[PDB]
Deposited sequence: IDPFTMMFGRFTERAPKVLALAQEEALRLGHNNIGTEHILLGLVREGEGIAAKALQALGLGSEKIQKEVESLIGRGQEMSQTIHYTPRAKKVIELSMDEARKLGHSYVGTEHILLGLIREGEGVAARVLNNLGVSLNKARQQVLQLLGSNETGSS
């Protein structure tokens, strides 16, 4: 149900949660995966918005702090479900990195959203800008 790059986001999200010593894979780890994957549309959008992996990493560690089997948080699961809806609405059968980013922005209320707020990003403006990119 995913593009080639979307599972790489998920792999990195889990790796980051483990590297940071965290107990679950939350929306902020999905955000880290989106930016660190580097090549997908989501990474491109985050780059164009003036963000980068190190800035996001530092803000995650500031807000949450550092700490085997880690599970997705309920909100991260919701974001993944929303990514499927975002893809469908845009005429795609496969969920790409951009749909995970849109699902994260749409949910708009977890640790990733707090991080984005603290990094100076408006979610509503960012949603419009990501869609603008997809329409280009």
*Quick one: where does the model skip the deposited sequence?*
1 to 9, 77 to 80, 150 to 155
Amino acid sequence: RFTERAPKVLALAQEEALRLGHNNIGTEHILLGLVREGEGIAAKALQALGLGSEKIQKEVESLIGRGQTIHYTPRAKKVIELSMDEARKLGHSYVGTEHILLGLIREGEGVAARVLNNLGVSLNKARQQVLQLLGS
From here on, numbers count along this sequence of modelled residues.
*With respect to the recorded C-alpha B factors, which stretch has the higher mean value, 7 to 15 or 109 to 117?*
7 to 15
*Report the stretch with the higher mean CA temperature factor, choosing between 118 to 126 and 18 to 26 on the basis of the entry.*
18 to 26
*So among 43, 70, 79, 31, who wins on Cα B-factor in the entry?*
70
*56, 100, 63, 49, ranked by C-alpha B-factor: the highest one*: 63
